Ligand SMILES: *[C@@H]1O[C@H](CO)[C@@H](O[C@@H]2O[C@H](CO)[C@@H](O)[C@H](O)[C@H]2NC(C)=O)[C@H](O)[C@H]1NC(C)=O
Ligand SMILES: *[C@@H]1O[C@H](CO)[C@@H](O[C@@H]2O[C@H](CO)[C@@H](O)[C@H](O)[C@H]2NC(C)=O)[C@H](O)[C@H]1NC(C)=O
Ligand SMILES: *[C@@H]1O[C@H](CO)[C@@H](O[C@@H]2O[C@H](CO)[C@@H](O)[C@H](O)[C@H]2NC(C)=O)[C@H](O)[C@H]1NC(C)=O
Ligand SMILES: *[C@@H]1O[C@H](CO)[C@@H](O[C@@H]2O[C@H](CO)[C@@H](O)[C@H](O)[C@H]2NC(C)=O)[C@H](O)[C@H]1NC(C)=O
Ligand SMILES: *[C@@H]1O[C@H](CO)[C@@H](O[C@@H]2O[C@H](CO)[C@@H](O)[C@H](O)[C@H]2NC(C)=O)[C@H](O)[C@H]1NC(C)=O
Ligand SMILES: *[C@@H]1O[C@H](CO)[C@@H](O[C@@H]2O[C@H](CO)[C@@H](O)[C@H](O)[C@H]2NC(C)=O)[C@H](O)[C@H]1NC(C)=O
Ligand SMILES: *[C@@H]1O[C@H](CO)[C@@H](O)[C@H](O)[C@H]1NC(C)=O
Ligand SMILES: *[C@@H]1O[C@H](CO)[C@@H](O)[C@H](O)[C@H]1NC(C)=O
Ligand SMILES: *[C@@H]1O[C@H](CO)[C@@H](O)[C@H](O)[C@H]1NC(C)=O
Ligand SMILES: *[C@@H]1O[C@H](CO)[C@@H](O)[C@H](O)[C@H]1NC(C)=O
Ligand SMILES: *[C@@H]1O[C@H](CO)[C@@H](O)[C@H](O)[C@H]1NC(C)=O
Ligand SMILES: *[C@@H]1O[C@H](CO)[C@@H](O)[C@H](O)[C@H]1NC(C)=O
Ligand SMILES: *[C@@H]1O[C@H](CO)[C@@H](O)[C@H](O)[C@H]1NC(C)=O
Ligand SMILES: *[C@@H]1O[C@H](CO)[C@@H](O)[C@H](O)[C@H]1NC(C)=O
Ligand SMILES: *[C@@H]1O[C@H](CO)[C@@H](O)[C@H](O)[C@H]1NC(C)=O
Ligand SMILES: *[C@@H]1O[C@H](CO)[C@@H](O)[C@H](O)[C@H]1NC(C)=O
Ligand SMILES: *[C@@H]1O[C@H](CO)[C@@H](O)[C@H](O)[C@H]1NC(C)=O
Ligand SMILES: *[C@@H]1O[C@H](CO)[C@@H](O)[C@H](O)[C@H]1NC(C)=O
């Protein structure tokens, strides 16, 4: 799973087989690190009109 | 024996956490309420995958052997479990169907009180196990309770499965490819499920993607009568065509004088041609060669000649060269196959094959010829050629593929093939005057719409197999799980049961009572859930009422309710803009450059959506900013009893009022929301400014600056503005305050009780969220591309093919983004009409009092108080409604000295013994006087005039 | 519904679902338009047995019990106004129930003044009601009653001229036959676009599937799906913008039914 974002360590309890989580519609909102099994909330990298 | 699954055997489809939100999925699942087979071991089929369960207490069942063969003949899987450990094998087993228990190579792997439950499948070569444990207290049935099964095996073993056997009472059922809905809870566990394909209720739950579905009608899917049988029809000719001559002729033509043979009146098995190794090429140009045998041809022509290998490639549409310029040429939208083979042994020796419009031929001349020795090189060699040019089905059929033919069974829905015209439909006799040369006829759609039968030569009409939507009637999951289906338009003969003019209604019960509508069905039919069952009936258009009319009968209202008829208007969308290139391309380079080929679309989309974004600030400002100052409230609240304390700002609150806060509570990437120019805090100051003005100063702050006036003196304007003369406020002042204050109470309760009160805004927030979700979900749509993940094109294809696939995905996303912006624009017209309507209500109905009947809420209108709400506004329209009345006797005028008096305002009425003038909208009976009335003319021209006496207010001053 | 095509239409994502939903939205918007226009009445006010409305003869515009039970002028109107995957879904308020609902609106507008917009329907004799109309144009109601029999003959004569105008001239129903023709043109265009090649080898999908293997037919069918889908989006977008003219007309009609029917309006012209 790939993208660009701001990673924050996060309080969400994924189940022992869940690798990922998703928002209201498809967006991969969080992930488990496949080294130390903590959960990281993936915030979008900031963007906006100049 | 057989037993009930209830809902058992659901499993986690994806390794995806979701927090308390509902996923719609499609997989091999055990269907709901399916008949589970019970067992007390035998070999069994595996079917489309398995659900299994063992009730347990003494550890008797130890796993399975699966396979195509379920033992070591071929594709087979020993799969053993012993508590925390599992063992798997594939190379040929030493034991038979099981080992004993306590009382050329490739692969292997290693890893009542209770119920142990399992699901087994292979997808994409990955064999799966999903599994569960639970406590229980019963052996003889499966539990009526829900718990999903969790993955423990996921191995790309590639072995297919069609059989299995148990190792060791126990239960089995077979999975079906089905859509399901899943209730992932706040912790990402599946806590409930729906098999969408169980029943009309479950089709409704999946339509809404929701475990609860409201009372209503839902278009769950479409129904079509399936084909009962296949009808195949061809002219009954047993003759076999001379391809065995044509492809074997002694000499083929020299191409300048190319041969043409008409082929006719036969069967022709083109698979004999296609399956033959005799042909070096067999290219086809309006047909694929497998399909030739399924068709019948109006004419066939073998054009034929011999040509050199360097020129065989000229024999195609669009070509040019020494053959294709003049010797022999094809129409560029030709239909047929071109068949050729190297023919050194069938043309070399030699030089006789001479050479020089579409299918033109000429022989006038010093013309050239090919030299063909047996020593010629591969491109230099002779090749024999046939062009099978095919005529088309717009004419009598003549040469057919080698198919069966059938009886001509009418009035059934059938698949039909006539002469190679395939289709599905209901065939019938017809009255149609076909001319002796016509084979078949067409709709305005160009689709066939009558056929001559090729065996009897009779004329058949062809009609579509009966079809319509599958609207579902659910009472609300709250009140019932009993559900009924309208099959739209279709007659019930093709499908308790009932027939509507809107189609066939199933599971509902017909009723003769004229009840009101509750769920609408169609063609005047509605349903309700009643003592229980789903009844369906011809709706009453509300109750019936013979109005007590006469030439002299009038119902003056003796009393009113003041009321707070809430009216709710969207006033913006949710202000959006899109970075066109982050949406279309994720800022990825190749796509960002391909979008430049399209030019101004990104810009006119940004310009459209900037138009939208400014229009939303402009709506919000043209609605709320209708006053040039924040007017602010007094510290005192001496409003003559009228208790705004829930609609004015709470100074301890953002500084919303309480009812604004109830409203704000009950309502609930490349894309960005852009914040409104007025923040929710500014909006609340502005709705407070409007409201504080509307309280302290009334309409006047629309015109000048706010002119203050006491609130009990403002209502005494609004009462005159409905022709209710203003003492009818004061002589009821505290009772009106109590009705208003109580009604404001009922508004808090009404809004607290149901989201159906907050309908339009909660709908618009859902339309915006739905449109933005659709636009987001569309990033995952393929549009015919190899992937919807753009990087998985760019990381995988050669750059020419990548640009082809990405140009398709861009064309898709761009058409989808244009569709979205067009949706946003059309919706922005809907919302802008609402915003100008809101601005007009705020101009006329807040900053004034609209005389537009039923424009403000639903009564005679006094005033309204705006309240902010997300992306919208709420008007608390304080509409006066008359609500008690009496029968009285009336006349249009009253005589006195033969002069007719008429009422200045109000109407004449009597209780039966005394005559009065009364204001139009409240029973204030007044003694009739010159002050209430005006003279005109004489009585005689007026129908329904009455005699009376009229009081002259001077008479006491004459008497004194 | 050919499986060799529908698997390819599912690759075009939420287009097909949102078009079904957009047209379902339009269809529910029509029943909504029809209730928001006509269903401004909560009880069927039923016409009285005797019809002595001062002289204003409504027998042309009230239902005829011998007949669907439409009025005479509705039968003039119903005379003068005139399957390949398409459908029409019936109006929930049928052309019959609409004849009752318009008979209620009209029976209220006759028997009960403007009151039935606000309160219950409070009866008021139709002669009495016209004073509550003449005052709404700043004409004193003596100018009604001292002309009562004349205004009856004028209204009855104008109803005469309406039956004559409508019976003579089909283009009196210009907008309705224009909207029916617009939908019919849109549908027949949408249907002719089923036949348009779009650069595929055929006008008819079943011919393509009779003729081609499902590795080549893919390309032809993709062109035909793309063209048909573009024509269906073009159709639905025209139908949505047309539905915006219809819905502006429906809210305008609902407003005229609120103010011109259930009331009066001082909005000049
Ligand atoms: C039909 O007539 C045209 C001339 O009107 C023929 O065209 C000539 O073909 C010879 C072939 O050797 C060429 O050398 C000439 O240069 C052509 N002339 C022109 C003006 O193009 C044509 O070949 C004839 N049709 C067929 C089928 O042979
Ligand atoms: C008009 O209707 C209101 C109720 O809507 C009447 O108010 C009630 O008056 C009686 C005493 O006469 C009280 O017992 C009730 O509690 C009152 N109800 C409320 C909500 O205050 C009112 O009296 C009626 N007015 C006339 C003149 O009949
Ligand atoms: C105006 O209405 C509010 C409630 O909407 C009244 O608030 C009540 O005030 C008394 C005295 O402080 C308390 O005993 C109640 O518990 C309050 N009720 C609520 C729901 O907060 C307020 O008193 C009213 N004032 C006037 C002048 O009518
Ligand atoms: C019609 O209204 C009038 C006024 O309210 C009533 O007339 C009065 O009736 C009382 C007896 O109930 C007499 O003492 C008064 O002298 C009457 N007033 C006048 C001015 O004569 C009349 O009773 C009412 N009739 C009905 C049927 O309600
Ligand atoms: C109103 O009262 C007058 C009398 O005050 C009635 O006039 C009589 O009408 C009849 C029939 O037209 C004549 O025969 C009499 O000669 C008239 N009398 C007078 C003195 O003119 C009149 O009919 C009454 N109208 C109503 C509607 O009650
Ligand atoms: C009200 O209008 C109706 C027509 O809608 C009139 O009925 C006609 O009456 C004439 C005689 O006056 C008959 O010859 C016709 O056959 C009737 N036409 C129909 C369609 O029934 C009716 O007479 C009028 N009544 C009044 C009081 O004006
Ligand atoms: C199969 O299930 C249906 C209910 O869905 C039931 O009526 C039927 O009797 C069952 N058959 C067996 C063999 O259990
Ligand atoms: C399960 O059985 C295997 C041999 O089949 C053995 O190696 C393993 O230790 C056993 N584990 C348990 C938990 O019994
Ligand atoms: C293994 O396969 C070869 C052919 O690949 C065959 O000659 C041999 O007999 C086979 N032996 C066994 C034990 O399968
Ligand atoms: C599984 O089935 C396919 C045909 O659908 C076949 O080609 C394949 O060989 C089978 N798998 C094994 C392990 O033989
Ligand atoms: C989620 O699980 C924790 C224990 O791991 C539990 O305390 C909590 O109540 C659960 N969440 C919900 C919404 O009940
Ligand atoms: C074809 O059908 C006709 C009757 O329609 C029959 O006379 C003829 O013998 C049939 N053909 C053959 C080969 O029998
Ligand atoms: C050509 O003739 C041979 C027998 O000499 C025959 O087998 C073959 O099928 C013929 N060609 C065709 C197209 O039938
Ligand atoms: C929904 O449930 C509530 C109780 O939780 C009940 O009061 C309400 O009447 C139900 N809804 C309907 C439409 O009956
Ligand atoms: C329904 O179909 C039958 C023929 O199968 C026909 O007799 C009947 O008239 C039809 N009814 C309606 C309402 O179309
Ligand atoms: C409805 O009423 C008709 C007579 O008007 C009667 O024939 C029919 O049986 C009734 N049906 C029901 C379900 O009551
Ligand atoms: C009015 O009075 C009549 C009898 O004169 C009665 O039939 C009718 O129902 C009454 N209507 C109302 C609104 O009370
Ligand atoms: C009112 O109606 C009655 C009964 O129909 C009738 O006798 C009377 O003449 C009518 N009066 C007026 C003024 O229309």
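The numbers here are math on the coordinates, done by the rules we state, and not lab data. When we count neighbours, we look across all protein chains shown, and the Cβ atoms used for this are built from the backbone with ideal geometry, even at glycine.
Here are a few things to note about the model shown:
- Peptide B:777-784 has a mean of 5 when you count, residue by residue, the C-beta atoms of other protein chains within 10 Å of its C-beta.
- As a calculated quantity, the FRET efficiency between residue B:110 and residue C:188 at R0 = 60 Å, using C-beta atoms, amounts to about 0.30.
- For the range C:217-256 versus the range B:724-754, the gap between their alpha-carbon centres in whole angstrom: 47
- Distance in nm between pseudo-label sites at residue B:463 and residue C:169 (7 Å out along the Cβ direction from Cα): 4.2
- Where both bridge residues fall in the protein assembly as shown, DSSP classifies roughly 90% of the beta bridges as antiparallel.
- Distance between the modelled labels on residue C:147 and residue B:636, one decimal in nanometres: 5.4 nm (7 Å Cα→Cβ projection).
- Packing-based order for B:862-875, B:187-200, using average beta carbon neighbours within 10 Å, highest first: B:862-875, B:187-200
- Take the Kirkwood radius over Cα pairs of the range B:658-737, plug it into Stokes-Einstein at 20 °C and 1.002 mPa s, and you get 137 µm²/s for translational diffusion.
- Distance between the C-alpha centres of chain A and the range C:12-32: 35 Å, rounded to the whole angstrom.
- With 10 Å bins from 0: P(r) over the range B:254-411, alpha-carbon pairs, percent: 10, 37, 32, 15, 4, 2, 0
- Mean Cβ neighbour count within 10 Å, used as a protection proxy, ranking B:951-960, C:160-169, C:92-101 highest first: C:92-101, C:160-169, B:951-960
- Average Cα contact separation per residue, the range B:724-824, under 8 Å, 6 or more apart, as relative contact order %: 20
- A viscosity of 1.567 mPa s and a temperature of 4 °C, combined with the Kirkwood radius over C-alpha pairs in the Stokes-Einstein formula, give the range B:682-834 a diffusion coefficient of 61 µm²/s.
- Per-pair calculated FRET efficiency, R0 = 30 Å: residue B:511 and residue C:249 via Cβ, rounded to 0.05: 0.25
- Between the beta carbons of residue B:404 and residue C:9, assuming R0 = 45 Å, the FRET efficiency works out to 0.90 to the nearest 0.05.
- Separation of alpha-carbon centers, the range B:456-509 and the range B:568-612, rounded to whole Å: 44
- The range B:838-955: Rg to Rh, with Rh as the Kirkwood radius over Cα pairs: 1.18
- Taking 7 Å steps out from each Cα toward its Cβ at residue C:230 and residue B:82 produces label points 6.8 nm apart.
- In plain terms, if you count all Cα to Cα distances in the range B:1-64 and split them into 10 Å steps from zero, the share in each step is 14, 41, 31, 13, 1 percent.
- For q = 0.05, 0.06, 0.07, 0.09 Å⁻¹, Debye-computed log10 I/I(0) when each Cα of the protein assembly as shown counts as one equal scatterer: -0.55, -0.76, -0.98, -1.36
- Note on C:84-91: average number of Cβ atoms from other chains within 10 Å of each residue's Cβ is 5.
- For a modelled paramagnetic label at residue B:368, 7 Å from Cα along Cα-to-Cβ, the residues of the range B:303-337 in reach, with backbone nitrogen under 16 Å, are B:306-315, B:320-329.
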